[PDB]
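Heads up: the structure comes next, in structure tokens.
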Amino acid sequence: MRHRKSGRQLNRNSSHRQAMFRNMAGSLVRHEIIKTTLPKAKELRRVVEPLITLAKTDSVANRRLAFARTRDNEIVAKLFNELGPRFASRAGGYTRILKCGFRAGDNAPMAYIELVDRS
Amino acid sequence: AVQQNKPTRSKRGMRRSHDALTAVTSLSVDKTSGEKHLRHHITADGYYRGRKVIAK
Amino acid sequence: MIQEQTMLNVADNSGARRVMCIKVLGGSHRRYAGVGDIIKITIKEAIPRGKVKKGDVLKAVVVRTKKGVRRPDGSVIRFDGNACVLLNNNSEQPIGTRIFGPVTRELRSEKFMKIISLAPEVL
Amino acid sequence: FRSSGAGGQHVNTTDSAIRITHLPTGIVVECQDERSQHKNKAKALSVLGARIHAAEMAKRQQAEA
RNA sequence: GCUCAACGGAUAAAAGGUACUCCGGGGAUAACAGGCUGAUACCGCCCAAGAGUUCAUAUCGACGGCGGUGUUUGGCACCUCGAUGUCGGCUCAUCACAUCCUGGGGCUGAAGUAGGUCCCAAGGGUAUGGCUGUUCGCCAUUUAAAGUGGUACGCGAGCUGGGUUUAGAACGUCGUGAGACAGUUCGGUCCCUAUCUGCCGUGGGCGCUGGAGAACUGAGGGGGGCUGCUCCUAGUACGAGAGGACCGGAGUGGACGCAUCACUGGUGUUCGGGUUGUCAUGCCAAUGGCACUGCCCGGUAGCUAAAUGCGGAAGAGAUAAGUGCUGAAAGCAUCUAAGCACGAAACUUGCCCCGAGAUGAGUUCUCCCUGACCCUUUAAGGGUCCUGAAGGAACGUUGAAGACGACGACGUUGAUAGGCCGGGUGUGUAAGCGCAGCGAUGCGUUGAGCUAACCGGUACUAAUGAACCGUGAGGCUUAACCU
RNA sequence: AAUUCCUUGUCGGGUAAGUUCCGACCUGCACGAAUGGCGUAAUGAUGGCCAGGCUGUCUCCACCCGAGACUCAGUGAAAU
RNA sequence: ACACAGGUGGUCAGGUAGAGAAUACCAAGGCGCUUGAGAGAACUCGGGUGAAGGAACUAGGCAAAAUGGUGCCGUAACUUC
RNA sequence: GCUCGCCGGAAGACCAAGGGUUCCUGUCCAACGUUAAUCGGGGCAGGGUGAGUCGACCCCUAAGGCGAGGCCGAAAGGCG
RNA sequence: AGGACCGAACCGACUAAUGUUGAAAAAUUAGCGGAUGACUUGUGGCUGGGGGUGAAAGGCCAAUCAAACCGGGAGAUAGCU
Ligand SMILES: [Mg+2]
Ligand SMILES: [Mg+2]
Ligand SMILES: [Mg+2]
Ligand SMILES: [Mg+2]
Ligand SMILES: [Mg+2]
Ligand SMILES: [Mg+2]
Ligand SMILES: [Mg+2]
Ligand SMILES: [Mg+2]
Ligand SMILES: [Mg+2]
Ligand SMILES: [Mg+2]
Ligand SMILES: [Mg+2]
Ligand SMILES: [Mg+2]
Ligand SMILES: [Mg+2]
Ligand SMILES: [Mg+2]
Ligand SMILES: [Mg+2]
Ligand SMILES: [Mg+2]
Ligand SMILES: [Mg+2]
Ligand SMILES: [Mg+2]
Ligand SMILES: [Mg+2]
Ligand SMILES: [Mg+2]
Ligand SMILES: [Mg+2]
Ligand SMILES: [Mg+2]
Ligand SMILES: [Mg+2]
Ligand SMILES: [Mg+2]
Ligand SMILES: [Mg+2]
Ligand SMILES: [Mg+2]
Ligand SMILES: [Mg+2]
Ligand SMILES: [Mg+2]
Ligand SMILES: [Mg+2]
Ligand SMILES: [Mg+2]
Ligand SMILES: [Mg+2]
Ligand SMILES: [Mg+2]
Ligand SMILES: [Mg+2]
Ligand SMILES: [Mg+2]
Ligand SMILES: [Mg+2]
Ligand SMILES: [Mg+2]
Ligand SMILES: [Mg+2]
Ligand SMILES: [Mg+2]
Ligand SMILES: [Mg+2]
Ligand SMILES: [Mg+2]
Ligand SMILES: [Mg+2]
Ligand SMILES: [Mg+2]
Ligand SMILES: [Mg+2]
Ligand SMILES: [Mg+2]
Ligand SMILES: [Mg+2]
Ligand SMILES: [Mg+2]
Ligand SMILES: [Mg+2]
Ligand SMILES: [Mg+2]
Ligand SMILES: [Mg+2]
Ligand SMILES: [Mg+2]
Ligand SMILES: [Mg+2]
Ligand SMILES: [Mg+2]
Ligand SMILES: [Mg+2]
Ligand SMILES: [Mg+2]
Ligand SMILES: [Mg+2]
Ligand SMILES: [Mg+2]
Ligand SMILES: [Mg+2]
Ligand SMILES: [Mg+2]
Ligand SMILES: [Mg+2]
Ligand SMILES: [Mg+2]
Ligand SMILES: [Mg+2]
Ligand SMILES: [Mg+2]
Ligand SMILES: [Mg+2]
Ligand SMILES: [Mg+2]
Ligand SMILES: [Mg+2]
Ligand SMILES: [Mg+2]
Ligand SMILES: [Mg+2]
Ligand SMILES: [Mg+2]
Ligand SMILES: [Mg+2]
Ligand SMILES: [Mg+2]
Ligand SMILES: [Mg+2]
Ligand SMILES: [Mg+2]
Ligand SMILES: [Mg+2]
Ligand SMILES: [Mg+2]
Ligand SMILES: [Mg+2]
Ligand SMILES: [Mg+2]
Ligand SMILES: [Mg+2]
Ligand SMILES: [Mg+2]
Ligand SMILES: [Mg+2]
Ligand SMILES: [Mg+2]
Ligand SMILES: [Mg+2]
Ligand SMILES: [Mg+2]
Ligand SMILES: [Mg+2]
Ligand SMILES: [Mg+2]
Ligand SMILES: [Mg+2]
Ligand SMILES: [Mg+2]
Ligand SMILES: [Mg+2]
Ligand SMILES: [Mg+2]
Ligand SMILES: [Mg+2]
Ligand SMILES: [Mg+2]
Ligand SMILES: [Mg+2]
Ligand SMILES: [Mg+2]
Ligand SMILES: [Mg+2]
Ligand SMILES: [Mg+2]
Ligand SMILES: [Mg+2]
Ligand SMILES: [Mg+2]
Ligand SMILES: [Mg+2]
Ligand SMILES: [Mg+2]
Ligand SMILES: [Mg+2]
Ligand SMILES: [Mg+2]
Ligand SMILES: [Mg+2]
Ligand SMILES: [Mg+2]
């Protein structure tokens, strides 16, 4: 029973979910809209949006923290150069979930996770 | 671990009483593009609640 | 939380070092012993000359446990070793005359008044 | 009680073994030789009579000598 | 001219082993279990010689007699040899009363304490270990007690495989030998995805007579029902003492159950740190990957037990054995025949839970719909147009709810989830820089940084304008009324 | 006694308690001398027994992580 | 019998740590094992940790746990030395 | 294409055995592929294997086989 | 020096769990014994059914062994189903 628990498992062990959500947060930052399943998109909000709150303070420390979350210098140089002052005034909710139907290969509920200030 | 008699086509059809599919109840019409989609989903041409949420 | 087959240390000069709990007295089906609970023990290791001899079967009272005792405020007094003070089977009063180490407030009664009146530290 | 050894199922279900416990003395016997307890009871009562008359004639030959 | 005697003579002439086995067959025929029976067994009962200081019946009861149970060992061979798979343990049980404990009694050769034996009573309870494959048994220490039995000697399509009961081997013994042994000893494959009944949960469908939302009564069903120790009454009753109570009251325990996470803890691969090896980030620094979470150290929420709260009861009604009262039949006696009173953990209530599919489908409160037409075969008839209520459902955000369904909260008139903000908590003084040190490092910045699920806030994101379903005043017969 | 029916022999030790074990006894059902007797250091995935450490084997189970189960989409067996 | 957790002889042998062709992470090089997506019940399988006790379990310490490396000190009965 | 993970005395490279066109290219998706497939070791069409030195053949013999004559055996044949 | 010790490849299979219409008509996983020898392995050759071969279990002799396999006698016979 998962009374008051939080976090999805996604049929993946711990060292894969931390790696996959790193490869996925580092792709939502780069292209600003990606396409994924709906259970994977409601759990990427819990990863990406603390990386933009981490981007609202351009310190040497937060550069070194956000490189521990992404391990990509191009992402950290987009989080703090571009996405930092873009969401400098939004109180959370930096992203948006858009359900886009069902996938042909396995009938999965797909979705578009995008950034808010994109278009 | 196995049957002892052949179950009839009556007992077989009674088990399939609940296998019937539930058809979609509401297909919301988009207010700008005028095309039908699923309620709370985007359309097939990238609209959702009027605005163009994603290009093609 | 003393049960059967439990090696206990000894808290008096009765003449044993190491005893083993062979029954928890005080009721049918009874699993465990707190402190101030009468257990039957046998002597697994004794000094070469003392009041009790190796292999004797006699009662005891538990004075210290590692699971401890909870006071009514919620506080608990945990020790680092299980101890007991040997008794006689019939009279059920302590054998040794000089209690080693501390005991607790749960041991004093009209029954074990002698043991808390011989121990150094009554927590 | 059931006998204990080889011989198979017929051993395994039928009891055919009789232990007799003499109350005022305490001599017991456990004869288990046959497959029927009736040949195993009288040939166990034959042994206690041979182990009580062998226990007073042994007692009347300690306090005799 | 044959004891061809196995005497209607298989040939003049003929022994064994198989656990290495094989085939044809049989429940025509054994081992297991069922059945029939009840010799035996177990339990009652009848007579009472005696034992019991005397006194058959306080307690045992010879010699014999009559039954019960199916319960031991059997008997018979009816069921199964085109398979009914097996002892013991484990795990679940479940019923019986011929009661081990607790409860109520009668008698006692019952002073008291404590026993004895019988009667009523099945409600709950009815140990852990040593030995042995053990059932059984003995033993240790307990306990209020460590009951007797039924259920394929309960339970292998639930588990175990020690014993037996295959193939290997050896000993003793028997055989000339193959081999043999209810003789031991070492080793030795236990298969099956549940159709049906069953059971535990939980839904869908319609019904309940217009529809819908709620709150209900309770026909019934289930759970629950254990008990010690100390103290007071009182060292009083009782007793030569020794010893030591009834009745009643109080505490505090054991086992069990229900609940919960505040407490002490457990876990906490989603939190923080220490660390080894190696690889990588251009290198130093810092980090990260992988090595069971690399190995550890702590630990939030949650879940949990060892944690701490509560529980059994009291009462009432009717009773069983029992004790009576009045009281005849039967001028007396008599508990009963009339009449009446007490009398148990049993029975019915009382206590919690389920419960109107209780089709005998109940009750109460609230809400909602007051259109036109035709058609023929006038009927609880069929069609068309208009209409679409209360409400529900879907979808979405979801939950201390959940396998799925269901249930619950929420959908912008919005705190429903994520985020964000503040705190809490956990780890224990982050990085960068500065200094001290030859350097490892230490100190300062600094109880710092980081911080999951928690708590309090905040519309930042996602919860859409809708649409779909469900409709249009609800049958007939009596009756009470109503003007 | 890898052998003893009676047999859990008896006595001692070990254990609170030991049908196993080890030491004696000899009443050897039915040991016994190359179908070898009695010893025997080393060796054994060898049989039996005890002690120490260690521990979810257990008292008494909890929690956690993954793979199934479970729902959805696709394909689609079997004994009977 | 299959695009099958099996089996199939020989040759080449890089880095760091290590005695090593153990083993961990790597290079050259090659792969992600040809249904997925959710959910985070029972139960099973493979693992992690555990308060107090520590063989009470059991046929039996089965299984797990634990011990584990190098250098040095030290080491008993018995013995065929 | 960018990340991530895995093996690395192998899940790498190359022989022999064995297989026998699976190689490569264009094309196609009915079947085959445990799903789908534009993909394939699948269908259809075309292409591809170049040796004085490598391997075989060749020369040499081992076990062992055949065996002129020969010895033996009813025949077949056996031994040499 | 060694039918010597520890231990990978290599050969084997001691316990346990899984698996038992399996991934597999005997395997997987973690431990396990030998590992310079009475070792292992390749390629070829030989021994043939009452015969072979056997460090001996009636073992192995192409998933078959108290007497293989295939063809025939052969439509054996069957008081049995
Ligand atoms: Mg939550
Ligand atoms: Mg799955
Ligand atoms: Mg890891
Ligand atoms: Mg049938
Ligand atoms: Mg169905
Ligand atoms: Mg036999
Ligand atoms: Mg029988
Ligand atoms: Mg004849
Ligand atoms: Mg005749
Ligand atoms: Mg044999
Ligand atoms: Mg047969
Ligand atoms: Mg018959
Ligand atoms: Mg029978
Ligand atoms: Mg009868
Ligand atoms: Mg009789
Ligand atoms: Mg009298
Ligand atoms: Mg009588
Ligand atoms: Mg009589
Ligand atoms: Mg019967
Ligand atoms: Mg019978
Ligand atoms: Mg039958
Ligand atoms: Mg049969
Ligand atoms: Mg049948
Ligand atoms: Mg009765
Ligand atoms: Mg009485
Ligand atoms: Mg009962
Ligand atoms: Mg016991
Ligand atoms: Mg035992
Ligand atoms: Mg029973
Ligand atoms: Mg019976
Ligand atoms: Mg049975
Ligand atoms: Mg059974
Ligand atoms: Mg066995
Ligand atoms: Mg044999
Ligand atoms: Mg329903
Ligand atoms: Mg009831
Ligand atoms: Mg708590
Ligand atoms: Mg809390
Ligand atoms: Mg804690
Ligand atoms: Mg906690
Ligand atoms: Mg590292
Ligand atoms: Mg560095
Ligand atoms: Mg890597
Ligand atoms: Mg901890
Ligand atoms: Mg009452
Ligand atoms: Mg009454
Ligand atoms: Mg009466
Ligand atoms: Mg009267
Ligand atoms: Mg009268
Ligand atoms: Mg009670
Ligand atoms: Mg009642
Ligand atoms: Mg507000
Ligand atoms: Mg929120
Ligand atoms: Mg703090
Ligand atoms: Mg400081
Ligand atoms: Mg750090
Ligand atoms: Mg610092
Ligand atoms: Mg803090
Ligand atoms: Mg925070
Ligand atoms: Mg909040
Ligand atoms: Mg002895
Ligand atoms: Mg001896
Ligand atoms: Mg002998
Ligand atoms: Mg001999
Ligand atoms: Mg001789
Ligand atoms: Mg001889
Ligand atoms: Mg010999
Ligand atoms: Mg050997
Ligand atoms: Mg033992
Ligand atoms: Mg495949
Ligand atoms: Mg290397
Ligand atoms: Mg390796
Ligand atoms: Mg799980
Ligand atoms: Mg932990
Ligand atoms: Mg563990
Ligand atoms: Mg523990
Ligand atoms: Mg501990
Ligand atoms: Mg034991
Ligand atoms: Mg036991
Ligand atoms: Mg082991
Ligand atoms: Mg281990
Ligand atoms: Mg690697
Ligand atoms: Mg390869
Ligand atoms: Mg081809
Ligand atoms: Mg190709
Ligand atoms: Mg091609
Ligand atoms: Mg197609
Ligand atoms: Mg296909
Ligand atoms: Mg092709
Ligand atoms: Mg050449
Ligand atoms: Mg030659
Ligand atoms: Mg010739
Ligand atoms: Mg020749
Ligand atoms: Mg060697
Ligand atoms: Mg072999
Ligand atoms: Mg292995
Ligand atoms: Mg070795
Ligand atoms: Mg074979
Ligand atoms: Mg043959
Ligand atoms: Mg033959
Ligand atoms: Mg013929
Ligand atoms: Mg025929």
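Letters A, B, ... mark the chains of the structure tokens in the order given; residue numbers begin at 1 per chain; ligand numbers begin at 1, in order shown.
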
Counting only C-alpha atoms (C1' of nucleotides), a student should be able to say which residues of chain A come within 7 Å of chain H; what is the right answer, written as a JSON list (two decimals) with N, CA, C and O atoms, in the first residue's frame?
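Listed below is the output, result-v7.json:
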```
[["chain", "number", "residue", "atom", "x", "y", "z"],
["A", 19, "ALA", "N", 18.42, 8.19, -14.31],
["A", 19, "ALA", "CA", 19.10, 8.44, -15.56],
["A", 19, "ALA", "C", 18.16, 8.86, -16.66],
["A", 19, "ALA", "O", 18.50, 9.76, -17.43],
["A", 23, "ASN", "N", 18.08, 12.31, -18.82],
["A", 23, "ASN", "CA", 18.09, 12.41, -20.28],
["A", 23, "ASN", "C", 16.85, 13.08, -20.82],
["A", 23, "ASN", "O", 16.84, 13.52, -21.98],
["A", 105, "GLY", "N", 1.81, 2.16, -31.41],
["A", 105, "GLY", "CA", 2.59, 0.96, -31.19],
["A", 105, "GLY", "C", 2.18, 0.12, -30.01],
["A", 105, "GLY", "O", 2.27, -1.11, -30.06]]
```

Go through the chains and note each residue within 12 Å of ligand 95, using only C-alpha atoms (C1' of nucleotides) and all ligand atoms, then give the set as a PyMOL selection string. chain I and resi 11-13+57+59-60

Close residues, residue B:32 itself excluded, 10 Å, only C-alpha atoms (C1' of nucleotides), min 2 positions apart in chain, as a ChimeraX atom specification: /B:29-30,34-35,47-52

Given the selection you just returned, output its residues as a file containing N, CA, C and O atoms, formatted as a JSON list (two decimals), in the first residue's frame.
```json
[["chain", "number", "residue", "atom", "x", "y", "z"],
["B", 29, "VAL", "N", -16.22, 19.47, -29.86],
["B", 29, "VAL", "CA", -15.85, 20.17, -31.08],
["B", 29, "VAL", "C", -15.00, 21.37, -30.68],
["B", 29, "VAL", "O", -15.38, 22.13, -29.79],
["B", 30, "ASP", "N", -13.84, 21.51, -31.32],
["B", 30, "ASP", "CA", -12.97, 22.65, -31.07],
["B", 30, "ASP", "C", -13.64, 23.93, -31.55],
["B", 30, "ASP", "O", -14.32, 23.96, -32.57],
["B", 34, "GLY", "N", -12.98, 23.98, -35.53],
["B", 34, "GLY", "CA", -14.21, 23.30, -35.89],
["B", 34, "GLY", "C", -14.07, 21.81, -36.08],
["B", 34, "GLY", "O", -15.00, 21.19, -36.60],
["B", 35, "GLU", "N", -12.95, 21.22, -35.70],
["B", 35, "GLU", "CA", -12.78, 19.79, -35.83],
["B", 35, "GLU", "C", -12.95, 19.12, -34.48],
["B", 35, "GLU", "O", -12.73, 19.71, -33.42],
["B", 47, "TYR", "N", -4.70, 22.16, -32.23],
["B", 47, "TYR", "CA", -5.46, 23.14, -31.49],
["B", 47, "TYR", "C", -5.93, 22.55, -30.18],
["B", 47, "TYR", "O", -6.09, 21.33, -30.05],
["B", 48, "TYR", "N", -6.15, 23.42, -29.21],
["B", 48, "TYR", "CA", -6.74, 23.03, -27.93],
["B", 48, "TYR", "C", -7.33, 24.27, -27.30],
["B", 48, "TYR", "O", -6.59, 25.20, -26.98],
["B", 49, "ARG", "N", -8.66, 24.27, -27.16],
["B", 49, "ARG", "CA", -9.43, 25.36, -26.54],
["B", 49, "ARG", "C", -9.21, 26.67, -27.28],
["B", 49, "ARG", "O", -8.93, 27.70, -26.68],
["B", 50, "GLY", "N", -9.33, 26.62, -28.59],
["B", 50, "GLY", "CA", -9.16, 27.81, -29.40],
["B", 50, "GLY", "C", -7.76, 27.97, -29.95],
["B", 50, "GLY", "O", -7.57, 27.95, -31.17],
["B", 51, "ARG", "N", -6.78, 28.10, -29.07],
["B", 51, "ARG", "CA", -5.45, 28.48, -29.51],
["B", 51, "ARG", "C", -4.74, 27.31, -30.17],
["B", 51, "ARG", "O", -5.13, 26.15, -30.03],
["B", 52, "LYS", "N", -3.69, 27.64, -30.92],
["B", 52, "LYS", "CA", -2.85, 26.65, -31.58],
["B", 52, "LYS", "C", -1.73, 26.28, -30.62],
["B", 52, "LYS", "O", -0.71, 26.97, -30.56]]
```

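Each of D:32, D:52, D:59, D:14 was checked against chain F using only C-alpha atoms (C1' of nucleotides); the smallest atom-to-atom distance is that of D:32.
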
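Taking atom CA of residue A:26 as the reference point, atom CA of residue A:90 is found at 20.8 Å.
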
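Candidate residues D:35, D:47, D:19, D:3 were compared for distance to chain F, and the nearest is D:47, using only C-alpha atoms (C1' of nucleotides).
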
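For the atom pair formed by atom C1' of residue E:350 and atom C1' of residue E:309, the distance is 24.6 Å, given to one decimal.
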
List all protein, DNA and RNA residues that have any atom at most 8 Å from ligand 50, counting only C-alpha atoms (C1' of nucleotides) and all ligand atoms, and write the list as JSON, numbers by chain. {"E": [225, 226, 227, 312, 313, 345]}

Kindly assemble as a Markdown table a list of the chain B residues that lie within 10 Å of chain F, each paired with its nearest atom pair and their distance in Å to one decimal, using only C-alpha atoms (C1' of nucleotides), sorted first by chain and then by ascending residue number.
```
| residue | atom | partner | partner_atom | distance |
| --- | --- | --- | --- | --- |
| B:1 | CA | F:80 | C1' | 9.0 |
| B:2 | CA | F:80 | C1' | 5.9 |
| B:3 | CA | F:80 | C1' | 6.2 |
| B:4 | CA | F:80 | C1' | 6.9 |
| B:5 | CA | F:80 | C1' | 8.5 |
| B:6 | CA | F:80 | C1' | 9.1 |
```

Could those selected residues go to a file with N, CA, C and O atoms, as an mmCIF file, in the first residue's frame?
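For reference, again_6.cif as written:
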```cif
data_model
loop_
_atom_site.group_PDB
_atom_site.id
_atom_site.type_symbol
_atom_site.label_atom_id
_atom_site.label_comp_id
_atom_site.auth_asym_id
_atom_site.auth_seq_id
_atom_site.Cartn_x
_atom_site.Cartn_y
_atom_site.Cartn_z
ATOM 1 N N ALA B 1 -7.499 -29.074 -12.228
ATOM 2 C CA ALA B 1 -6.889 -27.942 -12.881
ATOM 3 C C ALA B 1 -7.560 -27.760 -14.197
ATOM 4 O O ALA B 1 -7.122 -26.971 -15.017
ATOM 5 N N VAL B 2 -8.635 -28.508 -14.409
ATOM 6 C CA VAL B 2 -9.240 -28.596 -15.723
ATOM 7 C C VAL B 2 -10.714 -28.923 -15.554
ATOM 8 O O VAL B 2 -11.143 -29.438 -14.521
ATOM 9 N N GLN B 3 -11.493 -28.571 -16.566
ATOM 10 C CA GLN B 3 -12.905 -28.864 -16.649
ATOM 11 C C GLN B 3 -13.152 -30.372 -16.678
ATOM 12 O O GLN B 3 -12.279 -31.176 -17.007
ATOM 13 N N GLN B 4 -14.363 -30.755 -16.295
ATOM 14 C CA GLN B 4 -14.814 -32.123 -16.441
ATOM 15 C C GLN B 4 -15.911 -32.290 -17.466
ATOM 16 O O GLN B 4 -16.282 -33.426 -17.762
ATOM 17 N N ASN B 5 -16.464 -31.200 -17.982
ATOM 18 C CA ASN B 5 -17.512 -31.211 -18.986
ATOM 19 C C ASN B 5 -17.268 -30.030 -19.895
ATOM 20 O O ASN B 5 -16.606 -29.074 -19.489
ATOM 21 N N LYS B 6 -17.795 -30.088 -21.096
ATOM 22 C CA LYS B 6 -17.642 -28.981 -22.022
ATOM 23 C C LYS B 6 -18.660 -27.905 -21.691
ATOM 24 O O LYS B 6 -19.863 -28.173 -21.753
#
```

Expressed in Å to a single decimal, how great is the separation between atom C1' of residue E:196 and atom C1' of residue E:33? 25.9 Å

Grab me every residue within 9 Å of ligand 46, counting only C-alpha atoms (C1' of nucleotides) and all ligand atoms, and send it over as a count of residues only. 5

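Near ligand 48, at a distance of at most 8 Å and with only C-alpha atoms (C1' of nucleotides) and all ligand atoms counted, sit the residues residues 325, 326 and 334 of chain E.
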
Take the residues from that selection and write them out as a PDB file, in the first residue's frame, keeping N, CA, C and O atoms (P, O5', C5', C4', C3', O3' and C1' of nucleotides).
```pdb
ATOM      1  P     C E 325     -40.182 -26.402  51.600  1.00  0.00           P
ATOM      2  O5'   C E 325     -41.255 -25.287  51.249  1.00  0.00           O
ATOM      3  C5'   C E 325     -41.088 -23.961  51.712  1.00  0.00           C
ATOM      4  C4'   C E 325     -42.082 -23.037  51.072  1.00  0.00           C
ATOM      5  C3'   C E 325     -43.533 -23.450  51.194  1.00  0.00           C
ATOM      6  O3'   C E 325     -44.092 -23.157  52.457  1.00  0.00           O
ATOM      7  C1'   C E 325     -43.088 -22.785  48.978  1.00  0.00           C
ATOM      8  P     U E 326     -44.832 -24.314  53.283  1.00  0.00           P
ATOM      9  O5'   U E 326     -46.260 -24.413  52.596  1.00  0.00           O
ATOM     10  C5'   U E 326     -47.242 -23.430  52.854  1.00  0.00           C
ATOM     11  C4'   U E 326     -48.167 -23.234  51.683  1.00  0.00           C
ATOM     12  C3'   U E 326     -49.143 -24.355  51.398  1.00  0.00           C
ATOM     13  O3'   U E 326     -50.232 -24.447  52.285  1.00  0.00           O
ATOM     14  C1'   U E 326     -48.155 -23.701  49.388  1.00  0.00           C
ATOM     15  P     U E 334     -43.736 -33.797  54.315  1.00  0.00           P
ATOM     16  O5'   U E 334     -43.752 -33.907  52.731  1.00  0.00           O
ATOM     17  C5'   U E 334     -42.860 -34.767  52.045  1.00  0.00           C
ATOM     18  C4'   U E 334     -43.287 -34.956  50.615  1.00  0.00           C
ATOM     19  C3'   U E 334     -43.419 -33.688  49.793  1.00  0.00           C
ATOM     20  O3'   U E 334     -42.181 -33.200  49.312  1.00  0.00           O
ATOM     21  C1'   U E 334     -45.326 -35.034  49.467  1.00  0.00           C
TER      22        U E 334
END
```

Given a cut-off of 10 Å, what residues near ligand 13 show up using only C-alpha atoms (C1' of nucleotides) and all ligand atoms, put as a PDB file with N, CA and C atoms (P, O5', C5', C4', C3', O3' and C1' of nucleotides), in the first residue's frame?
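The resulting result_28.pdb:
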```pdb
ATOM      1  P     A E  30     -10.520 -59.260  -1.591  1.00  0.00           P
ATOM      2  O5'   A E  30      -9.225 -58.901  -0.755  1.00  0.00           O
ATOM      3  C5'   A E  30      -8.782 -59.757   0.279  1.00  0.00           C
ATOM      4  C4'   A E  30      -7.338 -59.513   0.614  1.00  0.00           C
ATOM      5  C3'   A E  30      -6.971 -58.108   1.056  1.00  0.00           C
ATOM      6  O3'   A E  30      -7.217 -57.873   2.424  1.00  0.00           O
ATOM      7  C1'   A E  30      -5.440 -58.851  -0.559  1.00  0.00           C
ATOM      8  P     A E  31      -7.446 -56.383   2.960  1.00  0.00           P
ATOM      9  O5'   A E  31      -6.014 -55.699   2.903  1.00  0.00           O
ATOM     10  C5'   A E  31      -4.964 -56.101   3.762  1.00  0.00           C
ATOM     11  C4'   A E  31      -3.750 -55.236   3.561  1.00  0.00           C
ATOM     12  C3'   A E  31      -4.011 -53.752   3.661  1.00  0.00           C
ATOM     13  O3'   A E  31      -3.983 -53.311   4.996  1.00  0.00           O
ATOM     14  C1'   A E  31      -2.755 -54.199   1.723  1.00  0.00           C
ATOM     15  P     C E  32      -5.262 -52.596   5.617  1.00  0.00           P
ATOM     16  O5'   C E  32      -5.269 -51.182   4.902  1.00  0.00           O
ATOM     17  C5'   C E  32      -4.200 -50.280   5.119  1.00  0.00           C
ATOM     18  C4'   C E  32      -4.492 -48.926   4.537  1.00  0.00           C
ATOM     19  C3'   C E  32      -5.902 -48.414   4.746  1.00  0.00           C
ATOM     20  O3'   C E  32      -6.064 -47.793   6.007  1.00  0.00           O
ATOM     21  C1'   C E  32      -5.240 -48.107   2.488  1.00  0.00           C
ATOM     22  P     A E  33      -7.300 -48.177   6.953  1.00  0.00           P
ATOM     23  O5'   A E  33      -8.473 -47.246   6.438  1.00  0.00           O
ATOM     24  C5'   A E  33      -8.345 -45.836   6.469  1.00  0.00           C
ATOM     25  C4'   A E  33      -9.282 -45.193   5.487  1.00  0.00           C
ATOM     26  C3'   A E  33     -10.719 -45.660   5.559  1.00  0.00           C
ATOM     27  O3'   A E  33     -11.466 -44.992   6.554  1.00  0.00           O
ATOM     28  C1'   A E  33      -9.980 -45.733   3.326  1.00  0.00           C
ATOM     29  P     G E  34     -12.588 -45.777   7.381  1.00  0.00           P
ATOM     30  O5'   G E  34     -13.811 -45.836   6.383  1.00  0.00           O
ATOM     31  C5'   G E  34     -14.403 -44.646   5.909  1.00  0.00           C
ATOM     32  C4'   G E  34     -15.393 -44.944   4.824  1.00  0.00           C
ATOM     33  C3'   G E  34     -16.482 -45.921   5.189  1.00  0.00           C
ATOM     34  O3'   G E  34     -17.530 -45.309   5.907  1.00  0.00           O
ATOM     35  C1'   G E  34     -15.586 -46.488   3.089  1.00  0.00           C
ATOM     36  P     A E  77     -15.844 -63.582   2.007  1.00  0.00           P
ATOM     37  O5'   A E  77     -15.858 -62.168   1.315  1.00  0.00           O
ATOM     38  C5'   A E  77     -17.002 -61.679   0.635  1.00  0.00           C
ATOM     39  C4'   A E  77     -16.756 -60.272   0.171  1.00  0.00           C
ATOM     40  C3'   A E  77     -15.975 -60.166  -1.128  1.00  0.00           C
ATOM     41  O3'   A E  77     -16.404 -59.018  -1.833  1.00  0.00           O
ATOM     42  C1'   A E  77     -14.757 -59.130   0.605  1.00  0.00           C
TER      43        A E  77
END
```
